[PDB]
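Here you get one chain, nothing else, as structure tokens; it is the form deposited in one PDB entry.
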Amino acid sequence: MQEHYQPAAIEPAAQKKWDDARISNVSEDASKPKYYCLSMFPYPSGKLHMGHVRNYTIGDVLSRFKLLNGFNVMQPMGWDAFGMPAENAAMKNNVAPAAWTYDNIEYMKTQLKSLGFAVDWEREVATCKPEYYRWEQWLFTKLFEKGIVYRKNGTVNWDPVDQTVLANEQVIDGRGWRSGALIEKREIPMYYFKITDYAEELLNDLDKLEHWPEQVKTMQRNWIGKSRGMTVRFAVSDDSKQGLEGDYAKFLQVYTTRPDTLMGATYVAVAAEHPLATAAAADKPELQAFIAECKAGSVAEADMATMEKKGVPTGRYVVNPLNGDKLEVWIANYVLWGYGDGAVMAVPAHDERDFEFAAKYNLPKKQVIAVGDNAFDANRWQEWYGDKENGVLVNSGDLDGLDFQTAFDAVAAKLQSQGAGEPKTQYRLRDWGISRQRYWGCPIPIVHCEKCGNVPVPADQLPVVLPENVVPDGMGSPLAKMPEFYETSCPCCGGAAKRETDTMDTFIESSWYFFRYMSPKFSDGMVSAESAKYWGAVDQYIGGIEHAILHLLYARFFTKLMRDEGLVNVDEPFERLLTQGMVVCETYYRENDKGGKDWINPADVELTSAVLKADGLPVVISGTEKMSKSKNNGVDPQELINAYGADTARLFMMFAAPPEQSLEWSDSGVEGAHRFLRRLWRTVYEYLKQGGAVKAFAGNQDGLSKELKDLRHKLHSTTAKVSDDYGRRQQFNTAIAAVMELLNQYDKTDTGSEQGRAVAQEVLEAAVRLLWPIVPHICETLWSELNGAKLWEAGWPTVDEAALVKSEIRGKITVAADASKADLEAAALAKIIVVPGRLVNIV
């Protein structure tokens, strides 16, 4: 055994040993209990990020722990390959998105393999291969026939200088990001998933997920946004009916979740697209400009509450059906056309947004709720203003004294006898738009024929193959410019027809890949029936918090879609969910002659302050933040592997912080990981250099010295701690410190005797197995030096309960070192000032 720890000498061999034994290439063996542990698969962006290593190390710890516990573990990996980065790279470097993708995949695959993750590479998938995406085209055609996929016109942002569509996140002050040109709103036909049909299913089934962070569950409940409210109709005043037609001349209909405050409405608000706004703006140019500015906006709902709320009065009035009050109609920028009736009522006293709106415009506020004897102040908001639980109505005529629900029912009854309203359930959730005006994505399997209409491609003809021999130019997506692709024959009548040129939202690939891993070479369906029945659902899912809403909701949606098609049998794809934090690093800069800052990478800086590694000209040390190209602070994990080995990388990510926490890049941290691995190596080496391996101590520990009993107590205590940390708590830094404490106590125990060496063998054989999930290369190597059996078949260390039993310490008795003085005095009496450990005072 070499004296010094050298990871490049040991990590290739251990990997070859694991590969040769095929421990991670798993089948559907019904003679072993399955465990499906899955990490969110990456975009083939080019190379691994430190965030990738953190995520996949965590997955590997959990996977190796379950394997060591005798599970049939599947840990699959693959490539979320479609999307914009390949297209941007194609436009910048004059290469095909497919070519750039496959090169990144094969490079990143080598990096993953070098880190020694226990991965079933036989189950690899790449979503940009037709053998993969044909199956989402297939599901598409079936849902299209059932109407779950449908086609309606939608509005998009059109950049006329870049000649493509832009999401709202790419519009700043009404202009495109990479162009600066004013975008135009356009209505184009697009395809949608009728996800709103599954809204109550997707909401209620969240309650089943006892092993998900309640933060994630709560963010999904808020996103679906179900409310039980009330449709209320306010009749248009006779002096306000000019220019209106139909039901819009008779009443303004709104939806509200607080009908118990209808008596407190002091104005109503309407969206810019509403016929009342249209009729009021007919001869008022200030309203026209407000309506245009509202339509010009492109505000994503991640920022539509940050938006300053503005409004304009219309001079039109409506009548409150419960008190007959006349209420002015306002056009407001926060009322969105397409949500409910595109019109709301406002109760400034009991809705904080209404309060602030009424405060800006000096609109009236009428208190109709009271909570205890709390004081109501019309000029400062208070949290209790909005309480529904502990409140009673006031200033509400015959409704006074009622609580929330009884008032709700009383208002529904009053409105329904009058025909002025009725209860209604609403959801914030919108249908899922999937059309993308991009090339590098899965083709939509629809053909347009002027005789037959929008026709799905027959299953016999799937896939619609995306041509890989394309280089995006930047003057529109290429598929619309490629008659060789879109000119085709109608599969229904045989005549001239054109393929859909839009591609699918790339979230679609990642909404079902976890099922595809179960049978990735299955040619007859999305997933084999045999394999879906065996593997069931994912037991453990691990990925970043940035996917808590969209991806997980889509994933749960597709699972219920696939279940309803008869392809799978589970209601929910993900049993346990672990969300990993960010990775941050310090940033560096030198100032600009043009009054700015230029951001230097950490690898090109050396800290004494700090100065460059090139010019030696000092750089300024700045703030710590998420590793990214913005402030050029990403640390390449490849150079960390090059400089220290994979086990160091893995250990450092697991020790620095718990998974949910942000992991700070730390050079002193990495050096500490390496040194502990060096200490682990030397400990085993020094142990063998004195006597060589012996049979590990087992059995009755009577006759062992107090010192060696104490070490066995620490050992099996550490084993139980680590197991509870891997299985339950999923905090891996605490497990590492526990093993470090075990080694500390070993270091201070004389283990030189014969029973001493037997206990030392027991200690070391357990520690290497307890650390194998975090650092399997060095543990595999040291284990072979200690014991000739196969580590993965020796299995997870067992706790020895006997080793936790502590000893036996006008009349004396005997009591355990775990008893207490309540029975120490009950055993002595067979005021008693008990002497814990020497006597007892019978007064």
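Start at 1 with the first residue shown and count on from there. Just so we're on the same page, rigid core means the largest C-alpha set that superposes within 1.5 Å between forms.
From this point on, the text means the form deposited in another entry, which you will not see here.
Colleague: Which of these moves by 2 angstroms or more at the C-alpha between the shown form and the other one, core superposed: 652, 290, 517, 135?
Modeller: After core superposition, the one over threshold is 290.
Colleague: Once you line up the core, how about residue 722: does its CA shift reach 2 Å between the shown form and the other one?
Modeller: It does not reach a 2 Å shift.
Colleague: Hey, does residue 307 budge by 2 Å or more at the Cα between the shown form and the other one once the core is superposed?
Modeller: Result for residue 307: yes, a 2 Å-plus shift.
Colleague: Do you see a C-alpha shift of 2 Å or more at residue 280 between the shown form and the other one, with the core held fixed?
Modeller: True for residue 280: a C-alpha shift of 2 Å or more.
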